[PDB]
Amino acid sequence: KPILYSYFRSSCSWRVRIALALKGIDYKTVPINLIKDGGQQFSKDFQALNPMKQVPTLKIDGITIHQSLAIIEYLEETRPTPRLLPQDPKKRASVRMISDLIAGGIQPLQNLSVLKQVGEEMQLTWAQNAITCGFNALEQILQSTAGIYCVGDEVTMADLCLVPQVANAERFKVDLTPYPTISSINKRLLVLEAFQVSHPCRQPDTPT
């Protein structure tokens, strides 16, 4: 049974939960509380599992994999159907570019451990600017790549990164009015079963 180390409120974990649900893969969750006392991401045990001290980490087929996108691509290659990546290389480049923009160009800057180093007074502003600067660019890219979803008319890895990042944007009270395409796609994705069963509000570690 695959084991996913996750935190119900982490955008990075939600990306993998969506992929596991779309792929119909049953998995066990081992929650890692990122906020209580330095959180468990620093306990001696989790650190030995993932030295970067972050979630998600996935145990599957007898191996341990860190990095949400590396995990999602592993799942795409090992359980092909239903596909999370298109067939055409140019459309695959749009999916990867959008995925990397969010996961490597926006989220890292508003990651908890970076916000802790920034100082309470500047946190909200720091997170907001990382997100508005990233969405300013993403919304422009989407004008070109988007159909029903981020790239064309099928759900892809880029969409698994857009939904969690938008929830983050809502948490930091970012005004999404400047981004109608992101918002439109976000709404369409949220009604899908894979984005509901994997939601932060329905995890085993979600507070009662």
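Don't overthink the numbering: it's just position in the shown sequence, from 1.
S.K.: Taking the mean of the C-alpha B-factors per stretch from the entry, tell me the winner out of 93-101 and 121-129.
M.R.: Comparing 93-101 with 121-129, the higher average CA B-factor belongs to 121-129.
S.K.: Can you let me know which of the two, 42-50 or 154-162, has the higher average C-alpha B-factor in the entry?
M.R.: Averaging CA B-factors over each stretch, the winner is 42-50.
S.K.: Highest Cα B-factor in the PDB entry belongs to which of 30, 55, 70, 167?
M.R.: So the option with the highest C-alpha B-factor is 30.
S.K.: Which third of the chain holds residue 115 when residues are ordered by C-alpha B factor: lowest, middle or highest?
M.R.: Tercile = highest for this residue's CA B-factor.
S.K.: Among the modelled residues of this chain, does the Cα B factor of residue 174 put it in the lowest, middle or highest third?
M.R.: For residue 174, whose C-alpha B-factor we compare with every modelled residue in the chain, the answer is the highest third.
S.K.: Relative to the other modelled residues in the chain, which third contains the C-alpha temperature factor of residue 35: lowest, middle or highest?
M.R.: As the PDB entry reports it, the C-alpha B-factor of residue 35 lands in the highest third of its chain.
S.K.: Split into thirds by Cα B-factor across the chain's modelled residues, where does residue 198 land: lowest, middle or highest?
M.R.: According to the entry, residue 198 has a C-alpha B-factor in the chain's middle third.
S.K.: For residue 18, return the chain-relative third of its C-alpha B-factor as stated in the PDB record: lowest, middle or highest.
M.R.: Its C-alpha B-factor belongs to the lowest third of this chain's values.
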